[PDB]
Amino acid sequence: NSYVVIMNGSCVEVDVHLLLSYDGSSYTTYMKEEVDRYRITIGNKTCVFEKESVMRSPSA
Amino acid sequence: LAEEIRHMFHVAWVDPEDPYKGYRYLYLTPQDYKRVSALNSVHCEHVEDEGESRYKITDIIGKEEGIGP
Amino acid sequence: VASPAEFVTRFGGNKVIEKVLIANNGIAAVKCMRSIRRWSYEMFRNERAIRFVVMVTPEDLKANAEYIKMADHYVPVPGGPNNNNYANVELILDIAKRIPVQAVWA
Amino acid sequence: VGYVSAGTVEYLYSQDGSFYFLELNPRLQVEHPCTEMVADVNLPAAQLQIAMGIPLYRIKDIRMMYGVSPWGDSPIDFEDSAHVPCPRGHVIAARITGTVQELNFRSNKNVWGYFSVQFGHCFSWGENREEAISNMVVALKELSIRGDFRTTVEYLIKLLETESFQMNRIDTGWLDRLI
């Protein structure tokens with residue numbers, strides 16, 4: 001039932017079924033994933049977020 | 001004896017043209033069957049026999065619980 | 001084709017169904033009768049190519065459900081839960097043996 | 001198992017791309033016309049033909065869909081003709097709450113429906129998703145004016161306009177949170 005969202009070394013435990021039961025009530029968030037953006041639609045609303053400060057090489 | 005059935009069954013003869021040749025079974029016409037039928041009264045088999053359609057009697061239960069062995 | 005039997009031959013079938021006993025009620029029968037009859041009308045330009053035999057319980061008839069009157073033949077069966085009507089195999093058999101019928105649609 | 005009729009195989013599909021079988025209904029469902037309108041397949045008629053032993057490649061309903069000759073007898077390799085069918089438009093069914101009253105709509109020839117006495121279903125066809133939803137809106141707005149679908153259809157009419165339905169981003173728990 002439980003999924004733990006961990007912010008940089010923290011633990012908040014929520015559970016799901018997609019429905020999630022959280023603090024308030026059960027809510028619906030939708031996920032469009034991109035190469036470099038994170039694009040969330042929560043009902044009739046859209047919001048778009050950027051992936052961008054450190055330049056990390058991807059291979060050894 | 002279960003009168004309710006006694007008074008509505010018909011006879012399926014081995015030979016109608018000579019009764020002394022035995023009878024095959026007692027049965028109900030579908031109309032006669034269709035009335036006790038709702039009530040878990042006897043165990044029968046629907047049958048077509050000697051041309052006519054009969055409801056062949058396999059067991060007599062006796063609807064009064066408690067009048068039997 | 002002239003009849004359901006002729007249709008079966010042209011298209012390679014093996015069982016002639018010209019009469020269907022309906023072991024059901026409600027909207028299914030209405031959409032189904034029109035749907036089969038519409039296809040049959042589409043196929044034969046005659047909606048009665050497939051005749052229908054129905055079982056009639058006391059409960060469904062007083063409301064005057066439109067599907068009841070479309071059928072070609074009726075046999076009253078005891079009403080109530082499925083153990084008493086549509087599923088009464090012996091009475092169906094009684095209907096099946098007496099007419100006799102060639103198919104059941106549930 | 002040697003099935004011989006119309007049937008519905010139900011699956012649950014996940015975002016991973018993994019899917020799971022739930023059940024097989026060995027019978028007709030009330031909402032089957034949805035498929036009939038987009039497939040031009042008369043399902044109860046198809047159920048009838050199968051009981052007569054008609055091979056799939058000889059079923060009329062199927063013949064137009066697979067792009068072949070209306071009267072040939074050539075067997076069709078259903079795998080080889082997988083690409084011929086592309087769905088033709090969209091259908092939406094909505095449960096609304098004699099015994100079965102067919103409510104015909106004057107607003108659209110491609111939309112019809114029913115309410116029964118108790119519950120019913122309405123079916124709205126369109127040339128494409130947008131056109132079918134559009135037809136549904138006018139029909140459901142028209143439907144609130146109808147009798148069997150007034151109280152039941154108001155909370156329902158509200159739910160259909162939400163973006164989630166427009167974007168086909170719904171799930172089994174969707175409606176229960178919409179009201």
# chains A, B, ... in the order shown; residues from 1 in each chain; ligands from 1

call {"tool": "residues_around", "arguments": {"residues": "residue 39 in chain A", "least_positions_apart": "6", "cutoff": "7 Å", "atoms": "only C-alpha atoms", "output": "tab-separated table (two decimals) with C-alpha atoms, in the first residue's frame"}}
result
chain	number	residue	atom	x	y	z
A	31	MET	CA	2.09	12.78	-15.47
A	32	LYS	CA	3.47	13.55	-18.88
A	33	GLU	CA	7.16	12.78	-18.82
A	47	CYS	CA	1.83	23.11	-15.25
A	48	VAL	CA	5.23	22.44	-16.76
A	49	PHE	CA	8.55	22.21	-14.98

call {"tool": "closest_atom_pairs", "arguments": {"of": "range 10-86 of chain C", "to": "range 94-100 of chain D", "cutoff": "6 Å", "atoms": "only C-alpha atoms", "output": "Markdown table"}}
result
| residue | atom | partner | partner_atom | distance |
| --- | --- | --- | --- | --- |
| C:63 | CA | D:98 | CA | 4.8 |
| C:64 | CA | D:98 | CA | 4.4 |
| C:65 | CA | D:98 | CA | 4.0 |

call {"tool": "write_last_selection", "arguments": {"atoms": "C-alpha atoms", "output": "compact mmCIF listing (two decimals), in the first residue's frame"}}
result
# COMPACT_ATOMS: atom_id res chain seq x y z
CA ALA C 63 -44.94 -3.23 -16.61
CA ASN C 64 -45.69 -3.92 -20.36
CA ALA C 65 -42.04 -4.21 -21.43

call {"tool": "interface_residues", "arguments": {"of": "chain C", "to": "chain B", "cutoff": "12 Å", "atoms": "only C-alpha atoms", "output": "ChimeraX atom specification"}}
result
/C:75-80,83-85,88-100

call {"tool": "residues_around", "arguments": {"residues": "range 13-25 of chain B", "least_positions_apart": "2", "cutoff": "8 Å", "atoms": "only C-alpha atoms", "output": "number ranges by chain"}}
result
B: 11, 27, 56-57

call {"tool": "write_last_selection", "arguments": {"atoms": "N, CA, C and O atoms", "output": "PDB file, in the first residue's frame"}}
result
ATOM      1  N   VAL B  11     -52.011 -42.676 -16.812  1.00  0.00           N
ATOM      2  CA  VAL B  11     -51.258 -43.922 -16.968  1.00  0.00           C
ATOM      3  C   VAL B  11     -50.687 -44.078 -18.375  1.00  0.00           C
ATOM      4  O   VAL B  11     -51.388 -43.897 -19.378  1.00  0.00           O
ATOM      5  N   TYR B  27     -47.839 -40.825 -14.723  1.00  0.00           N
ATOM      6  CA  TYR B  27     -47.261 -39.577 -15.178  1.00  0.00           C
ATOM      7  C   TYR B  27     -48.295 -38.478 -15.087  1.00  0.00           C
ATOM      8  O   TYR B  27     -49.420 -38.702 -14.669  1.00  0.00           O
ATOM      9  N   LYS B  56     -42.866 -38.744 -16.625  1.00  0.00           N
ATOM     10  CA  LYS B  56     -42.581 -40.006 -15.971  1.00  0.00           C
ATOM     11  C   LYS B  56     -42.212 -39.929 -14.498  1.00  0.00           C
ATOM     12  O   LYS B  56     -41.249 -39.263 -14.122  1.00  0.00           O
ATOM     13  N   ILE B  57     -42.943 -40.683 -13.682  1.00  0.00           N
ATOM     14  CA  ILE B  57     -42.753 -40.707 -12.231  1.00  0.00           C
ATOM     15  C   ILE B  57     -41.604 -41.592 -11.801  1.00  0.00           C
ATOM     16  O   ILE B  57     -41.557 -42.781 -12.134  1.00  0.00           O
TER      17      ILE B  57
END

call {"tool": "residues_around", "arguments": {"residues": "residue 24 in chain D", "least_positions_apart": "2", "cutoff": "7 Å", "atoms": "only C-alpha atoms", "output": "PyMOL selection string"}}
result
chain D and resi 7-10+26

call {"tool": "write_last_selection", "arguments": {"atoms": "N, CA, C and O atoms", "output": "PDB file, in the first residue's frame"}}
result
ATOM      1  N   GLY D   7     -17.913 -13.013 -27.567  1.00  0.00           N
ATOM      2  CA  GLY D   7     -17.421 -13.016 -26.207  1.00  0.00           C
ATOM      3  C   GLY D   7     -16.624 -11.770 -25.945  1.00  0.00           C
ATOM      4  O   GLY D   7     -16.274 -11.025 -26.861  1.00  0.00           O
ATOM      5  N   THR D   8     -16.421 -11.509 -24.664  1.00  0.00           N
ATOM      6  CA  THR D   8     -15.674 -10.342 -24.247  1.00  0.00           C
ATOM      7  C   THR D   8     -14.573 -10.834 -23.327  1.00  0.00           C
ATOM      8  O   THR D   8     -14.845 -11.473 -22.306  1.00  0.00           O
ATOM      9  N   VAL D   9     -13.340 -10.525 -23.705  1.00  0.00           N
ATOM     10  CA  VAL D   9     -12.146 -10.798 -22.919  1.00  0.00           C
ATOM     11  C   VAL D   9     -11.770  -9.477 -22.264  1.00  0.00           C
ATOM     12  O   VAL D   9     -11.442  -8.506 -22.957  1.00  0.00           O
ATOM     13  N   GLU D  10     -11.816  -9.437 -20.939  1.00  0.00           N
ATOM     14  CA  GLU D  10     -11.528  -8.228 -20.184  1.00  0.00           C
ATOM     15  C   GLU D  10     -10.094  -8.207 -19.664  1.00  0.00           C
ATOM     16  O   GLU D  10      -9.628  -9.207 -19.106  1.00  0.00           O
ATOM     17  N   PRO D  26     -19.253 -15.171 -21.281  1.00  0.00           N
ATOM     18  CA  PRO D  26     -19.625 -16.033 -22.408  1.00  0.00           C
ATOM     19  C   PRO D  26     -21.000 -15.626 -22.925  1.00  0.00           C
ATOM     20  O   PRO D  26     -21.839 -16.482 -23.219  1.00  0.00           O
TER      21      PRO D  26
END

call {"tool": "select_by_dssp", "arguments": {"residues": "chain A", "states": "strand (DSSP E)", "output": "ChimeraX atom specification"}}
result
/A:2-5,12-16,20-21,26-27,30-33,37-41,46-50

call {"tool": "atom_distance", "arguments": {"atom1": "CA of residue 34 in chain C", "atom2": "CA of residue 47 in chain C"}}
result
8.2 Å

call {"tool": "closest_atom_pairs", "arguments": {"of": "chain D", "to": "chain A", "cutoff": "9 Å", "atoms": "only C-alpha atoms", "output": "JSON lines"}}
result
{"residue": "D:162", "atom": "CA", "partner": "A:44", "partner_atom": "CA", "distance": 6.7}
{"residue": "D:163", "atom": "CA", "partner": "A:44", "partner_atom": "CA", "distance": 5.1}
{"residue": "D:164", "atom": "CA", "partner": "A:43", "partner_atom": "CA", "distance": 6.3}
{"residue": "D:169", "atom": "CA", "partner": "A:30", "partner_atom": "CA", "distance": 7.8}
{"residue": "D:170", "atom": "CA", "partner": "A:18", "partner_atom": "CA", "distance": 8.6}
{"residue": "D:171", "atom": "CA", "partner": "A:18", "partner_atom": "CA", "distance": 6.8}
{"residue": "D:172", "atom": "CA", "partner": "A:18", "partner_atom": "CA", "distance": 8.4}
{"residue": "D:173", "atom": "CA", "partner": "A:19", "partner_atom": "CA", "distance": 7.0}
{"residue": "D:174", "atom": "CA", "partner": "A:28", "partner_atom": "CA", "distance": 8.4}
{"residue": "D:177", "atom": "CA", "partner": "A:26", "partner_atom": "CA", "distance": 7.9}

call {"tool": "residues_around", "arguments": {"residues": "residue 1 in chain A", "least_positions_apart": "2", "cutoff": "7 Å", "atoms": "only C-alpha atoms", "output": "PyMOL selection string"}}
result
chain A and resi 3+15-16

call {"tool": "write_last_selection", "arguments": {"atoms": "N, CA, C and O atoms", "output": "mmCIF file, in the first residue's frame"}}
result
data_model
loop_
_atom_site.group_PDB
_atom_site.id
_atom_site.type_symbol
_atom_site.label_atom_id
_atom_site.label_comp_id
_atom_site.auth_asym_id
_atom_site.auth_seq_id
_atom_site.Cartn_x
_atom_site.Cartn_y
_atom_site.Cartn_z
ATOM 1 N N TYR A 3 4.221 3.766 -0.243
ATOM 2 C CA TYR A 3 5.271 4.296 -1.086
ATOM 3 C C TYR A 3 5.855 5.381 -0.197
ATOM 4 O O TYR A 3 5.100 6.083 0.486
ATOM 5 N N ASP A 15 0.244 6.195 0.621
ATOM 6 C CA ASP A 15 -0.195 4.960 -0.020
ATOM 7 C C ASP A 15 -1.139 5.222 -1.179
ATOM 8 O O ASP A 15 -1.792 6.266 -1.249
ATOM 9 N N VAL A 16 -1.208 4.243 -2.090
ATOM 10 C CA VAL A 16 -1.858 4.421 -3.383
ATOM 11 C C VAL A 16 -2.824 3.270 -3.615
ATOM 12 O O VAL A 16 -3.026 2.406 -2.765
#

call {"tool": "atom_distance", "arguments": {"atom1": "CA of residue 13 in chain C", "atom2": "CA of residue 87 in chain C"}}
result
27.9 Å
